[PDB]
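Engineer: just need the structure, nothing else, for what follows:
(4 chains, ligands or ions: 5)
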Amino acid sequence: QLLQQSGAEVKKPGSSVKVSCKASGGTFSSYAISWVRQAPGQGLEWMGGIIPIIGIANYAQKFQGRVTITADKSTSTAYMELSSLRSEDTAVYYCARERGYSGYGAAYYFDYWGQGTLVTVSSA
Amino acid sequence: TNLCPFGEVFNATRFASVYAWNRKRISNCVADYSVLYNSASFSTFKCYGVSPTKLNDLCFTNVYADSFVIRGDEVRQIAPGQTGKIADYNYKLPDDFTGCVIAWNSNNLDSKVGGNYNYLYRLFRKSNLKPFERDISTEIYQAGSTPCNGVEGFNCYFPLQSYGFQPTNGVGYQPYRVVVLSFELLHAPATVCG
Amino acid sequence: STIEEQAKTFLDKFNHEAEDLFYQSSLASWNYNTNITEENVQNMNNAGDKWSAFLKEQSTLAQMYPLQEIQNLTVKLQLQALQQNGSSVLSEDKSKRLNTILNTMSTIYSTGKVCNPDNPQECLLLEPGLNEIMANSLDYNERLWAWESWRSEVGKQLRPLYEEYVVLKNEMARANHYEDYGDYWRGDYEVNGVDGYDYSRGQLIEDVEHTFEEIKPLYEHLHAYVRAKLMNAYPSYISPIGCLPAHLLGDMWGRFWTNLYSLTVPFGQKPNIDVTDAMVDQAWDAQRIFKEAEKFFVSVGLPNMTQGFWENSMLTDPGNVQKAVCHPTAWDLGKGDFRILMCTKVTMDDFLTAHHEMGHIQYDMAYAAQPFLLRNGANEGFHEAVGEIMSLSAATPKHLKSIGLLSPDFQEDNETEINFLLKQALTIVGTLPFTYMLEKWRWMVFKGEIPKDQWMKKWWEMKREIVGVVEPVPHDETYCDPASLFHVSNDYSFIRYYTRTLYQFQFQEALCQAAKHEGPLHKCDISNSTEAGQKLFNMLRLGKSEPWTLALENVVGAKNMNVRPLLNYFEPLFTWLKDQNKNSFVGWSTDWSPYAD
Amino acid sequence: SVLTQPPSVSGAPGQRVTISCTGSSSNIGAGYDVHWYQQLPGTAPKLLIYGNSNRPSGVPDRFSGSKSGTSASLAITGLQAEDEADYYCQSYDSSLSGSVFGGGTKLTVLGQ
Ligand SMILES: *[C@@H]1O[C@H](CO)[C@@H](O)[C@H](O)[C@H]1NC(C)=O
Ligand SMILES: *[C@@H]1O[C@H](CO)[C@@H](O)[C@H](O)[C@H]1NC(C)=O
Ligand SMILES: *[C@@H]1O[C@H](CO)[C@@H](O)[C@H](O)[C@H]1NC(C)=O
Ligand SMILES: *[C@@H]1O[C@H](CO)[C@@H](O)[C@H](O)[C@H]1NC(C)=O
Ligand SMILES: *[C@@H]1O[C@H](CO)[C@@H](O)[C@H](O)[C@H]1NC(C)=O
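Structural biologist: Residues are numbered from 1 along each chain as shown, chains lettered A, B, ... in the order given. Ligands and ions are numbered 1, 2, ... in the order given. Shown next is the structure:
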């Protein structure tokens, strides 16, 4: 009724996480669904975003080349195929939506964020 | 006592689309407009309310620099008192506009074979924009009386349509990057002189 | 809100989807026709069917808008071309049978062949096999065999197909509220709902039968003079008062008579105007032929070619490595990308087609401001007529002396002009009764005024009555002689070659009058006369947003097709042929046949 | 994080605290609008102050945002025990072509 998102992850460096984000609810195939990161104990960071009725994908200049964001509008689920980062990749990955009010100024998300997938990369 | 960074507005290889036209403030700097008008490779350079030579020795408090990518035929709609898909729906200039409008061809930068579908434009909107009003909403345009519930179909259209730029498109449809400057005055002390 | 403003919203969404998908359907069909590879066949049929299904996608979405509650005709003309559903109104049982027969009749035409009877392993295609026979041989029986064999091999194999072709395409059109499929073709010429400019679909039959009755003075002397010269070259075979044999008409069908210019020349020792040799001596390449054609349209004030015309078009045959379909076509890909795909040889013939196919490009550039369903000729006949008047104005000796291909000491006299107009009349006046015969034949087929046991019977009764051409071999109903042509077998409206002819001389006279020209009509160049260019451009910029009768009056001041500008053109030839026919019969008897012994 | 924001604030319950989001000439000073976010500990963050001075459906009237040039202010009146959270200002940035966040302030009430 809010959003669906896959469970917590533990990964090895060099492997790849494809963390899903199912239409927690409301409109999907007609809304920019972003991705916001938070390293544990650190500030938030935007990662990327798609408008899943076209397929445009903007990304940050930090996360460029590694993350790919896609969605299938038939299943109402986004995806966040991160390629590999070594050890500071461990961070909780929320899945925000995007409204985009008209006027002046720009994007606030929805309030709809995912419950938070904590993808931990480690060697132990 | 810094020079105003017009270059990092002009040397940027990623201009935003016209619906989410991109705003940078230019302030707290002495301004060198002399490299702009002396370039002489623009396909459109208009100033509206001030001569290009006189504005170099003229003091302003804030300079807003809009920058975006439109099509070649739609450069004419960036002018006070124009209409169209860009003036009404995407980027509206006021009638008392006091800035300069700068445009240059970028068929080469911003098109590629198969279509550079990255640059979007709001093809439908209910009401028209105010001056400098930005509409980044992806909300489905209800063309009819039946409510849409945010899906596409009969009288339910997505507003942000994409420019498909190939480099083989004609001169009227080649992507002309546009940087719209805007100047203002207040009771604040002038930060932009030259 | 209202049905009109939703349709203004729909067509605002339809255009910006159809600009992109028609561009990819053209840019891939470009890359096939420049470079014939099997990889490019796939991109031709991928993007071509993403467009062909997109019309079917947007035809069904457009029929939810009723035309009765639409007031703006520039919106209403867009939906009227879109809410028509074509063959998709049929059942998919009938639709897949129908698309089969079209690809069945095309392969019997395009890949069918005839074989000489003494050596059955070597055989003859139509192109360039039977075309080289029927245009260049002078033997009676070699042309007689090539006539019969293409109509016995390909003619039999299309007859049970063409029977079913009529029945399916009627129900294709009768479900479209058209009285037959002949009325489906005439719906391009239809104008509705503009007072003083309306034009019913049956008004066309009232015009095309009327305008042909006044070419019959010009044609029956042209039919008499050509028969008089071919009685001299075929003595035991052509009656002095009868009709012509069908195989002695310049090609397979008697469409054009241009190939009879050698046998029927007026003044056989006068030199024909041919600046092929002067283009070689001045060392012109195909780039120069198009720079002079550009400067022709700069002279009349029309805008010159875009920079993307020179960068992107095929103007020369690009070697022998890659193959291209070297038919000269003018490519509006949309979106400002205007191209001519032409394998130009440096001659005068590809100096005339140089101005012709650029005339289509000058036509297509003018209505790029129109929205997408209004980006066409105002009917099917203007588009090929705007290009052809640019080839008549370049073929004039005044124009060739202006650019240095014809010497300033060249003499214009009585005898070179009669050699010129008789070359035109075998091309232009000769194709008018054939085009009127064939489309009046189809319109009596599709309406059902001809029973199916009399298609071959009424055909040669129309030949002996309208055109004046008798068959040398009597044909039963086992043949399908019309479908031996390209346009009959492959589902094309052929009346666009009658009306285009009668428009180009309206376009020529009403711009020579705008050029303040003094003298006969065939001696008229339109060059340097921007008032004759701004007059034409006001028709060209409309597209089909205004009706074709209004765009025709924007040039000629008339609302209707008319042959009085045609007979004004060949008036020095019309007076000449009557003097030549002072000892020959004018007209033809319907009774004589070569198979009567 | 581009948007300069203090490490933490501290106040009394019943007091008024203000949280600064100072940007640059490309992100806040350029007329783009800030957005404030509430992260209760161990929770997914939510919409606090909508559209630089507005509210979403379901927030008390104690929170109010503003903007003055190249700054912002998350005005919180009458601190509560359920206001111990982390506060992130979001304002879109021009040169980055992406929506950048702020430094985050831990709100700590006093009394024990
Ligand atoms: C953009 O860079 C060029 C050199 O590449 C230089 O002129 C300047 O830094 C910038 N241009 C302007 C007009 O400031
Ligand atoms: C023609 O197509 C082939 C394969 O499709 C390609 O290798 C060749 O380069 C093309 N010709 C040109 C001139 O590009
Ligand atoms: C018809 O619609 C076009 C735009 O679609 C508009 O420019 C024109 O004025 C309309 N016609 C009339 C008579 O209002
Ligand atoms: C067409 O002619 C004008 C007028 O001389 C000229 O400015 C323009 O460059 C020409 N077009 C091209 C593609 O050269
Ligand atoms: C057109 O005008 C130009 C310049 O006046 C001249 O050189 C040319 O010969 C003229 N051509 C014709 C056909 O009048």
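Engineer: report the buried residues of stretch C:492-500.
Structural biologist: Along stretch C:492-500, these residues count as buried under the neighbour rule (16 or more other Cβ atoms under 10 Å in any protein chain shown): C:493, C:494, C:495, C:496, C:497, C:498, C:499, C:500. Backbone N, C-alpha and C define where each C-beta goes, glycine included.
Engineer: can you give me the distance of the residue nearest in space to the middle of chain C to residue C:186?
Structural biologist: Within chain C, the residue whose C-alpha comes closest to the C-alpha centroid is residue C:497; the distance, by Cα atoms, centre = their mean, is 4.2 Å. Distance, residue C:497 to residue C:186, by Cβ to Cβ, to the nearest Å: 15 Å.
Engineer: chain A: strands as residue ranges?
Structural biologist: Per DSSP state E, chain A carries strands over the ranges A:4-5, A:9-11, A:17-22, A:33-38, A:44-50, A:57-59, A:68-72, A:77-82, A:91-94, A:117-121.
Engineer: ok, residue C:213 to ligand 3 distance?
Structural biologist: In this structure, residue C:213 lies at 40 Å from ligand 3, with Cβ to the nearest ligand atom, to the nearest Å as the measure.
Engineer: pull the number of nearby residues for that residue.
Structural biologist: 9 (other Cβ atoms under 10 Å in any protein chain shown).
Engineer: same thing with residue B:104?
Structural biologist: Burial of residue B:104, expressed as a neighbour count using other Cβ under 10 Å, amounts to 17.
Engineer: quick one: the strand or helix carrying residue C:158 to chain centroid distance?
Structural biologist: Counting by DSSP states H and E, the secondary-structure element that holds residue C:158 is helix C:140-174. In terms of Cα atoms, centre = their mean, to the nearest Å, the centre of helix C:140-174 is set 21 Å apart from its chain centre.
Engineer: now swap in stretch C:91-108 and tell me
Structural biologist: Here stretch C:91-108 shows a centroid-to-chain-centroid distance of 25 Å under the convention Cα atoms, centre = their mean.
Engineer: stretch D:30-50 now?
Structural biologist: Between the centre of stretch D:30-50 and the centre of its chain there are 6 Å (Cα atoms, centre = their mean).
Engineer: what residues sit buried inside that stretch?
Structural biologist: Neighbour-count burial for stretch D:30-50, with 16+ other Cβ under 10 Å as criterion, is recorded at D:30-39, D:44-50.
Engineer: narrow the residues you listed to those in strands?
Structural biologist: Helix and strand membership here follows DSSP E; of those, those in strands are D:34, D:35, D:36, D:37, D:38, D:39, D:46, D:47.
Engineer: contact partners for the fifth one?
Structural biologist: With contact set as Cβ atoms under 8 Å, 6 or more residues apart in numbering or on different chains, residue D:38 has these partners: D:45, D:46, D:47, D:48, D:85, D:86, D:87.
Engineer: return the member of those residues nearest to residue C:455.
Structural biologist: Proximity of these to residue C:455, judged by Cβ to Cβ, is greatest for residue D:47, which lies at 76.8 Å.
Engineer: write out the residues of the stretch 151-300 of chain C neighbouring ligand 5.
Structural biologist: The interface of the stretch 151-300 of chain C toward ligand 5, taken as Cβ under 6 Å from any ligand atom, is made up of residue C:299.
Engineer: for the stretch 151-300 of chain C, which segments are assigned as strands?
Structural biologist: Across the stretch 151-300 of chain C, reading from the start of the chain, the strands by DSSP state E, counting those that start in this stretch fall at C:244-245.
Engineer: check chain B too.
Structural biologist: When secondary structure is read from DSSP E, chain B shows strands at B:22-26, B:29-30, B:44-47, B:62-70, B:100-105, B:120-122, B:141-142, B:156-157, B:160-162, B:176-184, B:192-193.
Engineer: in chain B, what residue is nearest ligand 5?
Structural biologist: Here chain B gets closest to ligand 5 at one residue, residue B:171, 26.7 Å apart by Cβ to the nearest ligand atom.
Engineer: distance of residue D:19 relative to chain C?
Structural biologist: Per Cβ to the nearest Cβ, to the nearest Å, residue D:19 is found 45 Å from chain C.
Engineer: where's the nearest residue to that residue once chain neighbours are set aside, which helix or strand?
Structural biologist: Sequence neighbours aside, residue D:74 is the residue nearest to residue D:19 in space, at 3.9 Å (criterion: Cβ to Cβ, 6 or more residues apart in numbering or on different chains). Taking DSSP H and E as the criterion, the element that holds residue D:74 is strand D:73-77.
Engineer: and that strand, how far out from the chain middle?
Structural biologist: Its chain's average C-alpha position is 8 Å from that of strand D:73-77, according to Cα atoms, centre = their mean.
Engineer: okay, now the sheet partners of the helix or strand just after that strand, with direction.
Structural biologist: Remark: after strand D:73-77, the chain's next helix or strand is strand D:86-93, criterion DSSP H and E. The partner list of strand D:86-93 in its sheet, established with DSSP bridges, is strand D:34-39 (antiparallel), strand D:98-100 (antiparallel), strand D:105-109 (antiparallel).
Engineer: output the first one as PDB, nothing but the C-alphas.
Structural biologist: Backbone C-alpha positions of strand D:34-39 (Å, rounded to 0.1, in the frame of the first residue of the first chain) are rendered in PDB as follows:
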ATOM      1  CA  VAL D  34      14.600  23.500  -1.200                       C
ATOM      2  CA  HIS D  35      12.800  20.500   0.300                       C
ATOM      3  CA  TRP D  36      13.100  19.300   3.900                       C
ATOM      4  CA  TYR D  37      13.100  15.600   4.900                       C
ATOM      5  CA  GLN D  38      12.500  13.800   8.200                       C
ATOM      6  CA  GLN D  39      14.400  10.700   9.100                       C
END
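Engineer: quick check: angle from it to strand D:73-77?
Structural biologist: For strand D:34-39 against strand D:73-77, the angle between stretch directions is 50 degrees (axes from the mean of the first three to the mean of the last three Cα atoms, to 10 degrees).
Engineer: for the residue in chain C positioned nearest to ligand 3, give its distance to chain D.
Structural biologist: Nearest residue of chain C to ligand 3: residue C:72, at 3.7 Å (Cβ to the nearest ligand atom). With the distance defined as Cβ to the nearest Cβ, residue C:72 ends up 39 Å from chain D.
Engineer: beta partners for the residue nearest to residue D:19?
Structural biologist: Following DSSP bridges, residue D:74 is listed with bridge partners residue D:19, residue D:65.
Engineer: who in chain C is up against chain B?
Structural biologist: By the rule Cβ under 8 Å from any Cβ of the partner chain, the part of chain C lying against chain B is C:1, C:6, C:9-10, C:12-13, C:16, C:19-20, C:23-24, C:27, C:61, C:64, C:306-308, C:312, C:333, C:335-338, C:368.
Engineer: cool, thanks, signing off.
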